[PDB]
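Trainee: Following PDB author numbering, the numbering of the sequence shown begins with 1 at its first residue and continues without gaps.
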Amino acid sequence: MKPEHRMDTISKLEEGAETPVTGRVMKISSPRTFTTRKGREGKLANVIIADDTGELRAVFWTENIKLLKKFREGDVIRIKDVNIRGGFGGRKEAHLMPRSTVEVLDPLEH
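(1) At what residues does the beta strand (DSSP E) containing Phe34 begin and finish?
(2) As an exercise, report each continuous beta strand (DSSP E) stretch of at least 3 residues that is fully enclosed by the stretch 72-96, in chain order.
(3) So, at 6 Å on beta carbons, what are the nonlocal neighbours of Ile28 in its own chain, with the 5 sequence-adjacent residues on each side left out?
(4) Among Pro3, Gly16, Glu103, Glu93, which residue has its Cα nearest to the Cα of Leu44?
(5) Buried or exposed: which applies to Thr35, given that a residue is buried once 16 or more other Cβ atoms fall within 10 Å of its Cβ?
(6) Starting from the C-beta of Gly89, find all residues in its chain whose C-beta is less than 8 Å away, skip the five residues before and the five after it, and write them out in chain order.
(7) For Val76 versus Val104, is the C-beta distance shorter than 8 Å?
(8) According to the neighbour-count rule (16 or more other Cβ atoms, all chains shown, within 10 Å of its Cβ), is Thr19 buried or exposed?
(9) Between the alpha carbons of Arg32 and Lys2, how many angstroms are there, rounded?
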């Protein structure tokens, strides 16, 4: 494994890797609902964030849907703990987890 202290950019994001991502929110898409056996409503949303090295598709699952109320289509966000899939030759995708949080940057908080 490559060191935990290494934070790759959108162009450097490795497929099958688990890493935090950062970018400016250009476009936000509404959640797509599906029937899960967990007994929950079940949803996945596609948010397009852009960085100097490329544009990335962030996927907000049913648990991360609650994060969509935090930022707007035009703010900057850093998403922690995601899995990079890469379902297209170019603009890859990052899948979020229940414990994944998002923070609004550019006016750096911490």
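Cβ atoms here follow ideal geometry from the backbone N, Cα and C, with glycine treated the same way.
Mentor: Reading from the atomic positions:
(1) Element bounds for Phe34: n/a, residue is neither H nor E.
(2) 76-84, 93-96
(3) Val47, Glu73
(4) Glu93
(5) exposed
(6) none
(7) yes
(8) buried
(9) 34 Å
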